[PDB]
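> One line per chain: the protein sequences are H and R, in this order. Using the deposited numbering, the first residue of the first sequence is number 102, and each one after it goes up by one. Using the deposited numbering, the first residue of the second sequence is number 18, and each one after it goes up by one. By construction, the Cβ of each residue, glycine as well, lies at the ideal position given by its N, Cα and C atoms.
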Amino acid sequence: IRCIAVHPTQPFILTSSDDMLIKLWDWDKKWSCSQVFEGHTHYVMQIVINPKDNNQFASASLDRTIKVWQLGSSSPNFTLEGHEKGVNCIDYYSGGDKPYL
Amino acid sequence: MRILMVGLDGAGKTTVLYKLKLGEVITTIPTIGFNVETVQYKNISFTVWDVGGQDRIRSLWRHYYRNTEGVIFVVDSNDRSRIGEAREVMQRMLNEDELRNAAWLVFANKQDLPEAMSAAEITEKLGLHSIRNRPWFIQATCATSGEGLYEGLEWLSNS
Numbered sequence: 102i103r104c105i106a107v108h109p110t111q112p113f114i115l116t117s118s119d120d121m122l123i124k125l126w127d128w129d130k131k132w133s134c135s136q137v138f139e140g141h142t143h144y145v146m147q148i149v150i151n152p153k154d155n156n157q158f159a160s161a162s163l164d165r166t167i168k169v170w171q172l173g174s175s176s177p178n179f180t181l182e183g184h185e186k187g188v189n190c191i192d193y194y195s196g197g198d199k200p201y202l
Numbered sequence: 018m019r020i021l022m023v024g025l026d027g028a029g030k031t032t033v034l035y036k037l038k039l040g041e042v043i044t045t046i047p048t049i050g051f052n053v054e055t056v057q058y059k060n061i062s063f064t065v066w067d068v069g070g071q072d073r074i075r076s077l078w079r080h081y082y083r084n085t086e087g088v089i090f091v092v093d094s095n096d097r098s099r100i101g102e103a104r105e106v107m108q109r110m111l112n113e114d115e116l117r118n119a120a121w122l123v124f125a126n127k128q129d130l131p132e133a134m135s136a137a138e139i140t141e142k143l144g145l146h147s148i149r150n151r152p153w154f155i156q157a158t159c160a161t162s163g164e165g166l167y168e169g170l171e172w173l174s175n176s
């Protein structure tokens, strides 16, 4: 189990794991696996929540690609073909104003 | 054929459009800088035109328009209000000449649960399920959800 990303506003714990799975679990439901997010191609190395929009989040894998997701996409909205290596990590841009990873 | 997607200002009309070509979507700003792509469906190639309700967009839609013959008139089934104001307007707009040249395949969006707007309600609000005139089509959807995918392309084929 590589990474957890959390919704702060909303009572959540998001997890990515190497099983090529991202699961969402709900703590108020007392660790329900509320939803499973899948659209993998490899181990899930990292999850980061765009906390800015907690709600939307991005995922990094070393198969070099990034999926950004919408809740209504237990899959990303899309995948983009980032790395020429692998995408180890994904990070967000502190400001809400503009947006970088 | 020159085919027009109209609908809201701030809709993310576009959202839908590129959701549509591209699968993954686009900002719920609609267009604001001129938008056409031409699509083969059924190998008649229609240039489908996304216009944001750039207030100005609406005005300019009115301005420029000739050369149309068909349209996906997009409307929100959750927007109760500029849906209303519009309703009249657009309706008539449609009744202005040239839009009678065109089937209105209206897209009713944001139909999605514990709140949307009642298909029947709006239909009768416009009397508008009406066949007092044209090849029409009515299609459900939170196009922003994408809702009716092949059915559109296909039903629309019908002629």
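1) Would you call H/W132 buried or exposed, if buried means 16 or more other Cβ atoms sit within 10 Å of its Cβ?
2) What residue range does the beta strand (DSSP E) around R/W78 cover?
3) Measuring from the CB of R/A119, is there a heavy atom of the ligand FMN at a distance below 8 Å?
4) In chain H, which residues lie less than 7 Å from R/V42 when you measure between Cβ atoms?
5) Name the one or two DSSP bridge partners that R/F124 has.
6) Quick check: what's the CA-CA separation for R/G27 versus R/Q71?
7) Are the C-beta of R/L37 and some C-beta of chain H separated by less than 9 Å?
8) Could you tell me if H/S160 is buried or exposed, where buried requires 16 or more neighbouring beta carbons within 10 angstroms of its beta carbon?
9) Counting contacts by CB-CB distance shorter than 9 Å, is H/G173 in contact with chain R?
10) Compare the C-beta of R/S162 with all C-beta atoms of chain H and state if any pair is closer than 9 Å.
11) Give the secondary structure of R/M18 by DSSP, where H, G and I count as helix, E and B as strand, and everything else as coil.
12) Below 9 Å between beta carbons: does that hold for R/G87 and R/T31?
13) In three-state DSSP terms, what is H/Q111?
14) How many Å lie between R/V123 and R/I155 at the Cα?
15) Which residue marks the beginning of the beta strand (DSSP E) containing residue 208 of chain H, and which one marks its end?
16) Since H/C190 sits in a beta bridge, which residues does DSSP pair it with?
17) For the 8 Å Cβ check, are there 3 or more pairs between the segment 107-119 of chain R and the segment 138-153 of chain R?
18) Are the beta-carbon atoms of H/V145 and H/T166 separated by less than 9 Å?
19) Leaving out five residues before and five after R/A160 in sequence, what residues of the same chain have Cβ atoms less than 6 Å from its Cβ?
20) To which residues of the same chain is H/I191 closer than 8 Å at the C-beta, ignoring the five residues directly before and after it?
The structure says:
1) Here residue 132 of chain H refers to the residue found at position 31 of the first sequence. Exposed is the call here.
2) Indexing the second sequence from 1 puts residue 78 of chain R at position 61. Run containing R/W78: none in the beta strand (DSSP E); it sits in the alpha helix (DSSP H), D72 to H80.
3) This structure simply doesn't include the ligand FMN, nor any ligand for that matter.
4) The residue given as residue 42 of chain R occupies position 25 in the second sequence. What R/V42 touches in chain H: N178.
5) Translated into positions along the second sequence, residue 124 of chain R becomes position 107. Its beta-bridge partners are R/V91 and R/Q156.
6) Sequence index remark: in the second sequence, residue 27 of chain R carries index 10 (1-based). Sequence index remark: in the second sequence, residue 71 of chain R carries index 54 (1-based). Approximately 8 Å between the Cα atoms of the pair.
7) In the second sequence, the residue the question calls residue 37 of chain R occupies position 20. Answer no: the Cβ-Cβ gap between R/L37 and chain H never drops below 9 Å.
8) Here residue 160 of chain H is taken as the residue at index 59 of the first sequence, counted from 1. Buried: at least 16 other Cβ atoms inside 10 Å.
9) Within the first sequence, the letter at position 72 stands for residue 173 of chain H. True, the Cβ-Cβ gap to chain R drops below 9 Å.
10) Taking the second sequence and counting its residues from 1, one reaches residue 162 of chain R at position 145. Taking Cβ atoms only, chain H reaches closer than 9 Å to R/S162, which makes this a yes.
11) What you label residue 18 of chain R is simply residue 1 of the second sequence in a count that begins at 1. Coil at R/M18, not helix or strand.
12) Numbered from 1 along the second sequence, position 70 holds the residue referred to as residue 87 of chain R. Numbered from 1 along the second sequence, position 14 holds the residue referred to as residue 31 of chain R. No, the Cβ-Cβ distance between R/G87 and R/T31 is not below 9 Å.
13) Position 10 of the first sequence, counting from 1, holds the residue named residue 111 of chain H. If DSSP states are grouped into helix, strand and coil, H/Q111 belongs with coil.
14) Reading the second sequence from its first residue, position 106 is the one you call residue 123 of chain R. Reading the second sequence from its first residue, position 138 is the one you call residue 155 of chain R. Going by the C-alpha atoms only, they are around 5 Å apart.
15) The question about residue 208 of chain H has no answer, for chain H in this structure spans 102 to 202.
16) Here residue 190 of chain H refers to the residue found at position 89 of the first sequence. Answer is none; H/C190 lacks a bridge partner.
17) yes
18) If you number the first sequence from 1, residue 145 of chain H lands on position 44. If you number the first sequence from 1, residue 166 of chain H lands on position 65. Result no, Cβ atoms of H/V145 and H/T166 do not sit closer than 9 Å.
19) For the purposes of this step, residue 160 of chain R is taken as residue 143 along the second sequence, with counting starting at 1. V33, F124 and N126, listed in sequence order.
20) On the first sequence, position 90 is the one that residue 191 of chain H refers to. Around H/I191: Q147, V149, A159, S160, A161, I167 and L202.
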